[PDB]
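As structure tokens, the structure follows; a few thoughts come after it.
Here the Cβ positions follow ideal geometry from the backbone for every residue, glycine too, while neighbour counts run over all protein chains shown. Just so it is clear, none of the values below were taken in a lab; they were calculated from the coordinates.
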Amino acid sequence: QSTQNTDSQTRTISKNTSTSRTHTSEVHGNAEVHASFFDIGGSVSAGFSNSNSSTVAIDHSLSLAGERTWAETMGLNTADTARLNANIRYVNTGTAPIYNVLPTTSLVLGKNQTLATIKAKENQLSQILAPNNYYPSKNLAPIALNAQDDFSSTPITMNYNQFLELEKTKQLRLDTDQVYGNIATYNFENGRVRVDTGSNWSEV
Amino acid sequence: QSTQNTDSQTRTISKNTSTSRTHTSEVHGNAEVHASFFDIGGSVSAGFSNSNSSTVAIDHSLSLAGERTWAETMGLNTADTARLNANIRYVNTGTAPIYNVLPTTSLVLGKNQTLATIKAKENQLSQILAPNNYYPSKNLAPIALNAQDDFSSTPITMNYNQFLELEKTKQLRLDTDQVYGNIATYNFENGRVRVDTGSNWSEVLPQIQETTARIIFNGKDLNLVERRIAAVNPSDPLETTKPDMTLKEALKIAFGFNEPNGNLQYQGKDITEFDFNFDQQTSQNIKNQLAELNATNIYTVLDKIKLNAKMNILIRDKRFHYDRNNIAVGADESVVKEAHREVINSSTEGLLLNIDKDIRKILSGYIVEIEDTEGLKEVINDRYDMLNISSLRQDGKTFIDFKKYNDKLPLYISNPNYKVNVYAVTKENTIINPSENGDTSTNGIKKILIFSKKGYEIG
């Protein structure tokens, strides 16, 4: 949205001049009946008047125009109406811990109208998820997911009709499709439990 | 935003011409009555006038229009209203150093409204974080985090409603979710300690947490010091291969404690002036061990307390009361003034006296009043914000500057007899609230009374 304010002061200085030439004819008539005690008369008259005028004129003028303009504009794109951001936590109810946790989740509207399918990026990585624990911990606030893309440079987009349906129905559900994560194994060499980045729980 | 200035000069040269043709009719009437001494007349008249005109005209015209236009425009996008930038430092309170430090942090609004979660990028890398150190060092300025893309080419974004809520509430908190970082190991080949980029402390820290007892202690300058000591889990056969750990041996090796006269001591202070705290599992196990040992005082049997894995032992100082976060804050009325009495010479501008470094951290500020012989309250400078009157010294004589508010000049002794009182406020008494109503009469709060001397005695 944008607002525009505009002021405008206009000084208009105007000149005018004029001439005019009039030519007037005229034909008059008259009749008359006079009456007295003993004197009665009558009279008939007619008149022929020509005339000719010429009017020469000139004008000067000023004008001071002050204007204040208020304007407001709201642009929109129907394909990119809304951007999303999820606040989510990770829960381990299992028995073994899982390392380098990257869940694959899904934003879904309605019955089964899937908005988007997003794999967890490097901002969303969980190094350790021990069992009976949360990532992040319960005292802390949940994490934010707002980028479908890999290098995470694109927000999660919603078009117009889905935006209207979301603000009407308020039904936006989240599915956990699959979870990536590695095993750390014991080393008999030095006792140190080390992560194999190659193996994952998907195999197991 | 953009501003536009515009000038416009317009020359309008205009022509006009005209004709007109008028056709006029007219019907006149008249009556007349004349009267004289002996002559009376009357007359009736009527007139029929036609007429016809034709007016031919022409006009020329100029116009000079000068215009100056000012314009201003402010564009905005509601999804990308604000960009953020954090100034942050890295602190190592641990014991081993960590290499190639990349913390994963989180910008959070409100209660739990998370703005963003950002992993530290290559601009934000810390090569070394030795314990008891900062990255960067304390003399230098903290580092700037302002990026989201793993390639640092996109700034962190805030929309409109969050921007309004931030400028209203000013509540923007920062969470440290997890920290990436590597171990450097010793090489027996050439002695050179080398970084394994493959291994990280993520592999190691839960192994330490699940096998040790944790003890937190704050007797060294009221600072929470955490140490984990390996202790036996009986249900794990490999874990039972360790030698047994009594509590007293653990406190000796972990905190530098000693028995210089057969009595366990931290520095010159007895262990009996420290109190113990346990979570429910550890407290239950200590209860069971004391039930088996048939003893009551734990302080007598510290050489017999068998420790186990996953224990948690908080050891604090009884004299100073603490908060929810176990930060030092302010002791009992039997502690404050019980020992803050020094024999020193009174003076103007301020009070040169030596306050113990531990004790001073529990005081938020001081209140300076003057008492009449009969007894009258004329506080020298009131309000919470001007409360702080303490300073730092180069030889150990922590000042209380009484010449802070009197026009950058000294205290007003109206009479030599006039008593000069200086009091202090425990962090649990005077609060963080600064000038809520601007009134804030310092009289209405818990004040202890440490220094009280006569002005004439001052000389």
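Quick one: in the range A:111-146, of everything that is over 19 Å from B:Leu205 (Cα atoms) and within 7 Å of chain B (Cβ to nearest Cβ), which residue is surrounded by the fewest Cβ atoms within 10 Å (Cβ to Cβ)? Checked the range A:111-146; the qualifying residue surrounded by the fewest Cβ atoms within 10 Å (Cβ to Cβ) is A:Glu122. Here is the figure for the range B:93-110: residues that are away from every other protein chain (no Cβ under 14 Å) and under 23 Å from A:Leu140 (Cβ atoms) total 2. Tell me yes or no: at least one residue of the range B:68-77 is outside any strand (DSSP E or B), more than 7 Å from chain A (Cβ to nearest Cβ) and surrounded by 15 or more Cβ atoms within 10 Å (Cβ to Cβ). No, the range B:68-77 contains no residue that is outside any strand (DSSP E or B), more than 7 Å from chain A (Cβ to nearest Cβ) and surrounded by 15 or more Cβ atoms within 10 Å (Cβ to Cβ). Here A:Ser53, A:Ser20, A:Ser25 are screened, and the one residue that is exposed (fewer than 13 other Cβ atoms within 10 Å of the Cβ), at the interface with chain B (Cβ under 9 Å from one of its Cβ atoms) and more than 59 Å from the chain's Cα centre (by Cα) is A:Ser53. Taking the criterion of being assigned to a strand (DSSP E or B), under 20 Å from B:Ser283 (Cβ atoms) and of a type outside the set (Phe, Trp, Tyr), the residues of the range B:203-256 that qualify are B:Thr212, B:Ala213, B:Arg214, B:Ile215, B:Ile216, B:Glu226, B:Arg227, B:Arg228, B:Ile229, B:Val232, B:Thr246. Scanning the range B:77-101 for residues that are touching a residue at least 60 places away in the same chain (Cβ under 8 Å) and farther than 30 Å from B:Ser126 by Cβ gives B:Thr78, B:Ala79, B:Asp80, B:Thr81.
For the range A:152-168, the candidate set comprises residues that are touching a residue at least 60 places away in the same chain (Cβ under 8 Å) and either loosely packed, with under 12 Cβ neighbours inside 10 Å or hydroxyl-bearing (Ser, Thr, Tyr) (or both); within that set, the residue that is farthest from the other protein chains (Cβ to nearest Cβ) is A:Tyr160. For the range B:28-45, the set of residues classified as within 9 Å of another protein chain (Cβ to nearest Cβ), loosely packed, with under 13 Cβ neighbours inside 10 Å and closer than 25 Å to A:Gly29 by Cα consists of B:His28, B:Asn30, B:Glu32, B:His34, listed by residue number. I'd like the full set of residues that are farther than 17 Å from B:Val420 by Cα, touching a residue at least 60 places away in the same chain (Cβ under 8 Å) and β-branched (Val, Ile, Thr), limited to the range B:321-364. B:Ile327, B:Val329, B:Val336, B:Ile362 - these are the residues of the range B:321-364 that are farther than 17 Å from B:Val420 by Cα, touching a residue at least 60 places away in the same chain (Cβ under 8 Å) and β-branched (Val, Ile, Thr). There is no residue in the range B:305-316 that is within 30 Å of B:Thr430 (Cα to Cα) and loosely packed, with under 15 Cβ neighbours inside 10 Å. Which one is surrounded by the most Cβ atoms within 10 Å (Cβ to Cβ) among residues in the range B:84-98 that are among the aliphatic types (A, V, I, L, M) and not in a strand (DSSP E or B)? Applying the filter and picking the extreme gives B:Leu84.
Filtering the range B:169-202 to residues that are exposed (fewer than 12 other Cβ atoms within 10 Å of the Cβ) and assigned to a helix (DSSP H, G or I) leaves only B:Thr169. In summary, B:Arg83 fulfils each of the numbered conditions (1) within 30 Å of B:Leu164 (Cβ to Cβ); (2) facing chain A (nearest Cβ under 10 Å) with the single exception of condition (2).
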